[PDB]
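# Residue-level structure breakdown
Residue-level listing of the chains:
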Amino acid sequence: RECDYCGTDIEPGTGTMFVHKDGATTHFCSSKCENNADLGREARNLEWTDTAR
Amino acid sequence: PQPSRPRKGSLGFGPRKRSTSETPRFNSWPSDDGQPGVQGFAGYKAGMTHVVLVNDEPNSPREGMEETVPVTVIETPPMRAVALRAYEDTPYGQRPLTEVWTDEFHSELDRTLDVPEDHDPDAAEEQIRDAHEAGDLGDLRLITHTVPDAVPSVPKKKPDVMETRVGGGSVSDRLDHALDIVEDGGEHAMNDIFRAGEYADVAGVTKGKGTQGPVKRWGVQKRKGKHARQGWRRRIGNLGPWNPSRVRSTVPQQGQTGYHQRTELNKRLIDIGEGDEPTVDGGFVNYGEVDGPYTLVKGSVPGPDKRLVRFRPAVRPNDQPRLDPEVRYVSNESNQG
Amino acid sequence: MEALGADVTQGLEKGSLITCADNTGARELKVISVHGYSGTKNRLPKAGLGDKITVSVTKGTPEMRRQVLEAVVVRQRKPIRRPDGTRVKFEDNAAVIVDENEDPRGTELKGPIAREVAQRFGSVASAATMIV
RNA sequence: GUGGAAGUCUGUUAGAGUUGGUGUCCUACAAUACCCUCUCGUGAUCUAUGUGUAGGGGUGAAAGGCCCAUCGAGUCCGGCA
RNA sequence: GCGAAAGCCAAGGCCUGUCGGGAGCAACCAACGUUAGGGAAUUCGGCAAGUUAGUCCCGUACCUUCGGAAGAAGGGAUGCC
RNA sequence: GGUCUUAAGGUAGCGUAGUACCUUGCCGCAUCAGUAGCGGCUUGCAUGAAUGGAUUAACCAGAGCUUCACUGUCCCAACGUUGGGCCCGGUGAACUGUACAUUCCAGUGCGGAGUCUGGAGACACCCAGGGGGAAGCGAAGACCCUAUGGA
RNA sequence: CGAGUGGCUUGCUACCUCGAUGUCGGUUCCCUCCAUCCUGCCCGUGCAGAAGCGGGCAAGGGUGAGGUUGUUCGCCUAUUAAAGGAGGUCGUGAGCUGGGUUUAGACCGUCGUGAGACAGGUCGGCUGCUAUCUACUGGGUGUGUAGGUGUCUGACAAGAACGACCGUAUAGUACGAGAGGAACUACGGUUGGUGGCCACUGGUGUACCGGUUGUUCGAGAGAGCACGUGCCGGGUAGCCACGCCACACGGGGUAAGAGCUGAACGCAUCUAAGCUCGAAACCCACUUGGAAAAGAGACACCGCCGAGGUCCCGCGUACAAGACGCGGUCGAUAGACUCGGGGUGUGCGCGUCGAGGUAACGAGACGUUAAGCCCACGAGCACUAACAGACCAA
Ligand SMILES: [Cl-]
Ligand SMILES: [Cl-]
Ligand SMILES: [K+]
Ligand SMILES: [Mg+2]
Ligand SMILES: [Mg+2]
Ligand SMILES: [Mg+2]
Ligand SMILES: [Mg+2]
Ligand SMILES: [Mg+2]
Ligand SMILES: [Mg+2]
Ligand SMILES: [Mg+2]
Ligand SMILES: [Mg+2]
Ligand SMILES: [Mg+2]
Ligand SMILES: [Mg+2]
Ligand SMILES: [Mg+2]
Ligand SMILES: [Mg+2]
Ligand SMILES: [Mg+2]
Ligand SMILES: [Mg+2]
Ligand SMILES: [Mg+2]
Ligand SMILES: [Mg+2]
Ligand SMILES: [Mg+2]
Ligand SMILES: [Mg+2]
Ligand SMILES: [Mg+2]
Ligand SMILES: [Mg+2]
Ligand SMILES: [Mg+2]
Ligand SMILES: [Mg+2]
Ligand SMILES: [Mg+2]
Ligand SMILES: [Mg+2]
Ligand SMILES: [Mg+2]
Ligand code: NA
Ligand code: NA
Ligand code: NA
Ligand code: NA
Ligand code: NA
Ligand code: NA
Ligand code: NA
Ligand code: NA
Ligand code: NA
Ligand code: NA
Ligand code: NA
Ligand code: NA
Ligand code: NA
Ligand code: NA
Ligand code: NA
Ligand code: NA
Ligand code: NA
Ligand code: NA
Ligand SMILES: [Sr+2]
Ligand SMILES: [Sr+2]
Ligand SMILES: [Sr+2]
Ligand SMILES: [Sr+2]
Ligand SMILES: [Sr+2]
Ligand SMILES: [Sr+2]
Ligand SMILES: [Sr+2]
Ligand SMILES: [Sr+2]
Ligand SMILES: [Sr+2]
Ligand SMILES: [Sr+2]
Ligand SMILES: [Sr+2]
Ligand SMILES: [Sr+2]
Ligand SMILES: [Sr+2]
Ligand SMILES: [Sr+2]
Ligand SMILES: [Sr+2]
Ligand SMILES: [Sr+2]
Ligand SMILES: [Sr+2]
Ligand SMILES: [Sr+2]
Ligand SMILES: [Sr+2]
Ligand SMILES: [Sr+2]
Ligand SMILES: [Sr+2]
Ligand SMILES: [Sr+2]
Ligand SMILES: [Sr+2]
Ligand SMILES: [Sr+2]
Ligand SMILES: [Sr+2]
Ligand SMILES: [Sr+2]
Ligand SMILES: [Sr+2]
Ligand SMILES: [Sr+2]
Ligand SMILES: [Sr+2]
Ligand SMILES: [Sr+2]
Ligand SMILES: [Sr+2]
Ligand SMILES: [Sr+2]
Ligand SMILES: [Sr+2]
Ligand SMILES: [Sr+2]
Ligand SMILES: [Sr+2]
Ligand SMILES: [Sr+2]
Ligand SMILES: [Sr+2]
Ligand SMILES: [Sr+2]
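Rules behind the numbers
- As a convention, residue numbering begins from 1 on each chain and follows the written sequence, not necessarily the numbering found in the entry; residues with no coordinates do not appear.
- Chains carry letters from A onward and ligands carry numbers from 1 onward, assigned in written order.
- Only some chains of a larger assembly appear here, and every value describes just that portion.
- Side-chain measures were taken over the full set of non-hydrogen atoms in the model, leaving aside hydrogen atoms and water.
- Pairing between strands requires that DSSP locate at least two bridges from one strand to the other.
- Comment: elements are numbered from the N terminus, with helices defined as DSSP H or I runs of at least four residues and strands as E runs of at least two.
- UniProt positions are given in the numbering used here, feature names are shortened, and annotations may be inferred rather than shown by experiment.
- When accessible area is computed with a 1.4 Å probe and restricted to protein chains, residues below 20% of their type maximum are described as buried, those above 50% as exposed, and intermediate ones as partly exposed.
- Contacts were defined at the residue level, with two residues in contact if any of their heavy atoms lie within 4.5 Å.
- The term nonpolar core refers to a set of buried residues drawn from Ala, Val, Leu, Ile, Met, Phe, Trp, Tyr and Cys, joined through side-chain atoms within 4.5 Å.
- Domain borders in the structure are assigned automatically or taken from a domain database.
- Put simply, two rings from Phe, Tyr or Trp (the six-membered ring, in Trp's case) pair if the centres are within 6.5 Å, and we call them stacked under 30 degrees between planes, edge-to-face over 60, tilted for the rest.
- Note on criteria: charge over ring means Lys NZ or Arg CZ within 6 Å of the ring centre, with the direction from the centre no more than 35 degrees off the ring normal.
- By convention in these notes, a residue is near a molecule or strand provided one of its non-hydrogen atoms lies within 4 Å of it.
- In this classification, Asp, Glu, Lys and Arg are treated as charged, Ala, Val, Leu, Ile, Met, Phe, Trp, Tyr, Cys and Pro as nonpolar, and every other residue, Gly included, as polar.
- For any pair of parts, buried area is found by adding up, for both, the accessible area (1.4 Å probe) each one loses once the two are put together.
- Within this document, salt bridges are pairs made up of a side-chain nitrogen of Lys or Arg and a carboxyl oxygen of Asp or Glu, the two lying within 4 Å of each other.
- The term polar contact refers here to a pair of N or O atoms within 3.5 Å; inside protein, the definition further demands a hydrogen-donor-capable atom paired with an acceptor-capable atom, and it admits residues adjacent in sequence only when both atoms are side-chain atoms.

## Topic: the sheet that holds strand β9 (residues 87-90) of chain C
Strand-to-strand pairing in sheets goes through backbone hydrogen bonds, with the strands running parallel or antiparallel. The 5 strands are arranged β2(A)-β1(A)-β9(C)-β8(C)-β1(C) in an open sheet whose pairing can be described as mixed. Lying at the two open borders of the sheet, with one neighbouring strand each, are β2 (25-28) of chain A together with β1 (7-8) of chain C. Two elements, strand β1 (residues 16-19) of chain A and β9 of chain C, share 4 bridges in a ladder whose sense is parallel. Bridge pairing in β9 of chain C links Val-19 of chain A to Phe-90 of chain C.

Listed below in C-alpha cells is the structure:
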C-alpha cells in the first residue's frame, strides 16, 4: 500500500487509516503526514514528498 | 460509604530489592517426559521488530489469515555444557554430590572460573552411578555457560554461567545422555532444545530504574484536585491506622524499582534461525547488528538490550503446540523514526 | 459477546455527548451506561466501537428528546487496531439507536460504519450504506 | 454638528487598596513578608510636613476600631512584699 | 503603541536582591511547559487552571428611573509589497 | 365563641422567606436521576407597613441556581523546564533531653504499656525516605464546672 | 412468652485525661471480622422447565459510576455476577480538605424592660514544627560462621497472581399442551487485578530543523533579548499508556452434603471403628526473597609465593552516597573521522521572473537544491584516550 498523502510505500503492520465524514478513506504512513494534512497543506506542494518529487 | 478497591500492586514479587545475580536463576523445571534432554538455553536480548504470520489457531475465526505480531530478537549462539553435577537426596533436601568436567574449555572461560587443570571424570562418574545404585540420586543438571564473544553487539567476553537441569526418560538413560554432551566439549544449540512454535518461559532481570516513588513503583494514585496543590502531589494518604502502632510492610512506599528477576510464562517461539534476516536498518538502537544464531520470541521479554535472557520449556502451557508458524514478512525498517 | 475482531481503546465515557447516526429523530445522544461493563473505584465507565450502551436523547425531536434508549457505538475518533496492525479512526463519535433485539429503530443509517460493528450487529449492518 | 459634564467607564500612569489561591513562608527576608489574581484611581480621592484633641479621657462613615508590636479602659513608676 | 502600558535599546549604573564545587542531576517538594480520546464525570462549590482578548465594519434582546441596559449577544476584517 | 386578658385583634402588601419547627411540604419546570434552584399553592410553629411594607432600572472582589464556550478538576496519569533535594569544600545554629531504650503479639495495670507478665522475634553500625507510634514537640484548656476570684 | 450472644445504635456511670490525646463528613492508604450481597459446592420446595423462595458449608476474590444534600444516613438514576454489613482512638489533620459543628463582625424569627439569649435559620471568618527514639520501605559498612572463584541447596518468608462476566457450539434440544426453555463439555472474547515491554498507535521530547512578530547589533548574512523555548509547526533517542505481551491444567486432604460396609440394638442405621466421594475455601502445583538457618549449609576447581583481589584507567545492561556491571592492546571501552540509519523541509550566494515604477527600488516566485543544518543510534576504523604504574594477599 502507498500513503495517500506523500506517496511512499507503507511498511506493513504500520500506519493509520482515517475515515472521512462522507465515508472516504485516507491511509497515512505516519503522524508527520497526518499532521501536515491537518494543517491544510497539499502533498504536491511539499518538496520532500514522493508525490511532489 | 468507602467503596472497595483492590490494593496497589502485588505482594508476591517482594521484597522489591536489587537482584543478587544479573543472570536469571529458574526456580522450577519442566516435567520428565520425552527422551532425555537439556531443559533450557540462553541468549542476549537485541531489540524488537514485527513479523506477519499466517494464523495457526484452529479455533480462530481468522485461521489461515495474515496477522502482524510483535517480536523481540534474541541472539542465541551455541553454549557449552561444561560439566555434569549430580544431586543426592538427603533428609534436608537435595545437595550437590559431585561433578564430571571436561578438557576442552572455551578460550575465555578463565575470566570467570578457575578452570580445572587436574580432574578425574571417572571417579566422579563412578560415585554418581554408585549413588544411583543406592537409590539416593536426585535430579541431574549441567553446568552451562554462554559465549559472549560470538556476539559483537555485546561488549563482554566474560561468559555467564548457569546450571540447567537435564530431564527426560529414565535416569540411567539421561545420565548417559548428560555425560555424552559434557564430554564432547559441551557445545549445544537452541535447535537441540527448542523448535519454532513451542512455548517457552523466559526469565530475566528487568530494566533498572533506581529509586522511584509509590505512584510509579506501586501504582498508587497521585493526590487529586485541590489535594494536589497543598504541598503533597505524589505521597500516599497515610502509613496506617492509629493502631497497630507501626507501619506494615504492606503499605506502598518508595524504593528500588526495576532490576528484579522475573519469569515470564508461555512465550511462543516464532522462529529460530541464523543470519541477518531479522536485523534492522541502521542497527538495533543501542545494540548493534544481528548476523548469526537468533530466536524470535513473540511479544516482550524482561530486561534491556544486551541483558542475558534464559529459556526453558514452558512448565504450565495453556495451549497445544503449533510448530513452525509460517512467517510471510519480517520487518527490517529502521527502528529510528 | 462475540469477539469484535479488533482491539479497541474506548474513546467515550458515561456522560459523553455523541452523534446519532440514523433517522430516528434523535440528533445528539448522551452516554449513561455501557452494557455488560463493570469498572473500578473512581473510574468513569468507558465505551467504544462495538459496545452496546444505554443513552438519553439530548438533542432531537420533542418526542425523542429525554427518552432513555439503547444504542450501539458505530464510530469513534480514538483509533482501534485491526489484526494486520493498521489503526483505524473516524471523523466523529456516533451511535445508532437499537431495540430489545438489537434491530435499528430507525430506517436509514448516516455515514460510514466499522466492519467490526456491522459483523456483530448484522441487522444494524443490513442498513449501512458504507462499511469501512 | 459643536460643547465637554460626571462622588461616570477602561486603565499595574503616578498613587491607593486587598476578593481568591484557604498558593509560598510559618526557628520566616518579615513578631503580619512574597507571588499571581483582584478593587479604586477628578474625588465623601490620595499624599508630605506642621499643628490640635490624653486615659473613665481622646478619636471613631460604629469594627469595642484606634490612641507607638498591648486597649471591653494606654504606658511608666509608686501604693506593693 | 492610544499611552508616563508591555517588550527591546541608549546616557548612566551594576555583575553585592554576594558562598561555591559535582552527579543526564534518582525519590520527593516549589515554580512552570506540553499532553491522545472523553469534557466538570472532579468538588461543598469549575477551587485551580483555562477560555475570550487590541482595532475597524455590520449588528444588538428583556427590562428601564429613558440616563441606561451595551463592548449586550452574534457575524466579518486585520500582514507584507 | 357566632367576647376574654390587657388598649386594639393584623388592614395594603408579601408569604415554606437570610423569618416555616413540621420539611426533602404539595404541583410544575429542569436533569438518566436535583434535601439544590426557579414558578405556583400557602391554614404565616413564630410575615407585615419609617421595629418601615412592597417594589425596583443602574451598581457590586456580596449569597444561591442554570446554560453556551473551554479546559489535565476528573477518567489516569506521562514526559519535559528552572530552583532545591543527593555527593564534595567552607561556614554553621535551634527545637528537644528523668532514666533506660532492638522491638512485636496478647494480657495486666488508675480501665489507652518500648520499660509489668507470658510468649514471639532480635548480630552491630551507617545512608536515603515517606511520617504508623512515643495518648510526639509547641502553649499551667480559650470549652465545662468550682472560687463568699477580676473586669 | 421464655433463654441468650454481640458491643454496630442509644442511654447510664464519672474509672483515665482539663501544666490540652484537635470535631463531623469526605479523601487517601493499609490490616481485619462474618451475623455472606455476588462468585464455588450443597439441602428443601406449594422443585416440570426457566426462574423464584427458604436453608447449609464457605471470608479466596469481588462488591463499581452517577443526581439533591456538608451530611453520616437516606431517597433517586442507569449500569452490574453483586453493586453486603462491621472493627482498627465512631483507623487515618506531626497526610490532605475545611462544606457542617464550635470564637470575635452581621441579619431574620422567637424570647427578654435591657445588656443579651435561642443542637432555630443565615452571609463572612487562621489549620505552627528542620524526626531524637521506635516502626516500616529501599540502599550500604563491619563482625561472626572461618585463602579464592564459580555453581547451588532451602529452613523459613510473601502472593489473589489470578477473580468474574458475555458470547458460540451443545440447542430452539432435554422439560412442557403451549408459552417458555436448561446442563455436562469444547471453544472465542470482555472486564477487574497482576508483572513486564516500546516493533506498532499515542503523549512528551526548553536535542534538533523550520516558520514568524517586536527590538538591538547600519542593511545583508548571522545573532542576543521578549523566563528559564518570544510565539507557532514538525519531531530522533529515551521515558511512558491511551499501546503491546504474559498471568494452568492437574494432584492431595476436608466442610456442608451424597453414599458404601457396619455394629452397639440378631433387624435398621452414612458413624460408633473402617471406607468411597465432595467447595472459588485448605495443602501442593507456579512466581518472588532467602547462608546470620548459631545444626551459621553443599559441590567443583584454583591457590598458600602467590590464586584471587585493591588502587589506577576507559565506560554503562547499574546508580541519590555506597553498591552493581563491562572493557583495559591477548583490546573496538569512550571520543574524533567516514559511511549507514534517522530529524527537518529546500541553505548562503548568484541567475531568470515579478504587480508596478523615468529611474532608484521591489513583497515574493522558479532554478541551482531529495538542498542546507542537525543527531543521546549503528558500522567501519587503534587516529586520540584505556597509559605508566603502585600495593595487598593464606
Ligand atoms: Cl487525593
Ligand atoms: Cl454506569
Ligand atoms: K481534659
Ligand atoms: Mg523508534
Ligand atoms: Mg516508524
Ligand atoms: Mg470517588
Ligand atoms: Mg498630618
Ligand atoms: Mg489530554
Ligand atoms: Mg462525586
Ligand atoms: Mg477562578
Ligand atoms: Mg422554592
Ligand atoms: Mg405605623
Ligand atoms: Mg490550670
Ligand atoms: Mg466562657
Ligand atoms: Mg465583677
Ligand atoms: Mg473522675
Ligand atoms: Mg498529639
Ligand atoms: Mg457461617
Ligand atoms: Mg429451579
Ligand atoms: Mg481476606
Ligand atoms: Mg475517627
Ligand atoms: Mg494522625
Ligand atoms: Mg493539623
Ligand atoms: Mg509537619
Ligand atoms: Mg456556607
Ligand atoms: Mg457586637
Ligand atoms: Mg448555641
Ligand atoms: Mg457558614
Ligand atoms: Na505545604
Ligand atoms: Na490522629
Ligand atoms: Na448636543
Ligand atoms: Na489579596
Ligand atoms: Na483608664
Ligand atoms: Na562574595
Ligand atoms: Na410585627
Ligand atoms: Na460597591
Ligand atoms: Na498538568
Ligand atoms: Na512518625
Ligand atoms: Na450480651
Ligand atoms: Na469471601
Ligand atoms: Na448521593
Ligand atoms: Na481520637
Ligand atoms: Na477523616
Ligand atoms: Na490540619
Ligand atoms: Na478530618
Ligand atoms: Na480437592
Ligand atoms: Sr474508613
Ligand atoms: Sr541459573
Ligand atoms: Sr526457590
Ligand atoms: Sr493548605
Ligand atoms: Sr498502640
Ligand atoms: Sr471614577
Ligand atoms: Sr480565605
Ligand atoms: Sr496559582
Ligand atoms: Sr502568617
Ligand atoms: Sr479603574
Ligand atoms: Sr483624564
Ligand atoms: Sr498598639
Ligand atoms: Sr508593686
Ligand atoms: Sr549602558
Ligand atoms: Sr561576601
Ligand atoms: Sr513540543
Ligand atoms: Sr460540576
Ligand atoms: Sr457533580
Ligand atoms: Sr467578535
Ligand atoms: Sr391578611
Ligand atoms: Sr428596600
Ligand atoms: Sr519481657
Ligand atoms: Sr524527611
Ligand atoms: Sr498531659
Ligand atoms: Sr464461621
Ligand atoms: Sr450463590
Ligand atoms: Sr458517625
Ligand atoms: Sr436523612
Ligand atoms: Sr446543619
Ligand atoms: Sr445559630
Ligand atoms: Sr465556614
Ligand atoms: Sr560473639
Ligand atoms: Sr447458550
Ligand atoms: Sr418460542
Ligand atoms: Sr530565553
Ligand atoms: Sr496569542
Ligand atoms: Sr460426611
Ligand atoms: Sr555462612
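Right, picking up where we left off after that structure.
## Some words on the UniProt feature "zinc finger region: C4-type" in chain A
UniProt records the feature "zinc finger region: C4-type" for residues 3-33 of chain A in the present numbering. Here residues 3-33 of chain A runs as 10% helix and 26% strand, with 9 Å between its end C-alpha atoms.

## Here's the deal with the UniProt feature "binding site: Zn(2+)" in chain A
All names here are of chain A. Taking the UniProt record as the reference, the feature "binding site: Zn(2+)" is found at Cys-3, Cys-6, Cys-29 and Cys-33. Across 31 residues, the annotated set stays spatially compact, with a maximum C-alpha separation of 8.7 Å. Mapped onto the fold, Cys-6 is located in the segment before β1. For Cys-6, a relative accessible area of 4% corresponds to the buried category. When near neighbours in sequence (up to four residues on either side) are disregarded, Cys-6 contacts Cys-29, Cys-33, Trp-48, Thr-49, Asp-50 and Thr-51. The contacts of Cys-29, once residues within four sequence positions are left out, are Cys-3, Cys-6, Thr-8, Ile-10, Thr-14 and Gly-15.

## Comments concerning the nonpolar core
If you look at the biggest cluster of nonpolar residues, it comprises 51 residues, and the most contacted ones within it are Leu-84, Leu-142, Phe-194 and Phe-311 of chain B. Both domains that furnish three or more residues to this core are identified here as domain 2 (39-77 + 189-206 + 258-337) and domain 3 (78-188) of chain B. Excluding its chain neighbours within four sequence positions, the residues that come into contact with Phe-194 of chain B are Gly-40, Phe-41, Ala-200, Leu-269, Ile-272, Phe-311, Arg-312 and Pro-313 of chain B. Listed in part, the 20 residues of the second largest apolar core include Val-74, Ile-80, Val-98 and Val-117 of chain C.

## Concerning the packing of aromatic side chains
If you walk through the whole model with that rule in mind, you get 5 aromatic pairs over all chains. When the ring centre of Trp-48 of chain A is taken as reference, the NZ or CZ atom of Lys-32 of chain A above it lies at 3.9 Å. The cationic tip of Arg-141 of chain B hangs over the ring face of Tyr-87 of chain B; the distance from NZ or CZ to the ring centre is 4.3 Å.

## Some words on the protein's contact with RNA strand E
In the neighbourhood of RNA strand E, 19 residues make up the surrounding shell, with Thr-211, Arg-229 and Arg-234 of chain B together with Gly-11 and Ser-16 of chain C lying closest. Each atom of RNA strand E within 4 Å of the protein was assigned to sugar, phosphate or base; sugar and phosphate come to 71%. When its residues are assigned to classes, the surface near RNA strand E shows 3 nonpolar, 8 polar and 8 charged.

## Considering the pairing of strand β2 (residues 41-54) of chain B
Residue and element names in this part refer to chain B. Counting buried positions over the 14 residues of β2 gives 13, a clear majority of the element. Where β2 lies against strand β14 (residues 308-313), 4 bridges are found, and the strand directions are antiparallel. Bridge pairing in β14 places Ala-42 opposite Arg-310. The sheet contact formed by β2 and strand β3 (residues 66-75) spans 10 bridges and is antiparallel. By the bridge assignment for β3, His-50 is matched with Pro-70. Pairing geometry for β2 and strand β15 (residues 327-330), over 3 bridges, is antiparallel. Directly across from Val-52, in β15, lies its bridge partner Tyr-329.

## So, the pairing of strand β6 (residues 52-60) of chain C
Residues and elements named next belong to chain C. Here 7 bridges tie strand β4 (residues 26-34) to β6, and the two strands are oriented antiparallel to one another. Paired with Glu-28 across the two strands is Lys-59, which belongs to β6. By the bridge criterion, 5 bridges tie β6 to strand β7 (residues 68-75) in an arrangement that is antiparallel. Paired with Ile-53 across the strands is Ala-71, a residue of β7.

## Side note on the interface of chain C and chain A
Taken residue by residue, the interface counts 12 residues in chain C and 13 residues in chain A. Looking at the side of chain C facing chain A, the largest losses of area belong to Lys-89, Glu-91 and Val-132 of chain C, adding up to 46% of the total buried there. On the surface where chain C and chain A come into contact, there are 1 salt bridge. Here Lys-89 of chain C and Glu-34 of chain A are joined by a salt bridge, their closest N and O atoms 2.8 Å apart.

## Considering the protein's contact with RNA strand D
All names here are of chain B. Taken together, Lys-226, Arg-229 and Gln-230 form the complete shell of residues around RNA strand D. Counted by atom, the contact set of RNA strand D within 4 Å of the protein is 100% sugar and phosphate. A distance of 2.8 Å separates a phosphate oxygen of RNA strand D from a polar atom in the side chain of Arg-229. The contact in question runs from a phosphate oxygen of RNA strand D to an N or O atom on the side chain of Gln-230, over 2.7 Å.

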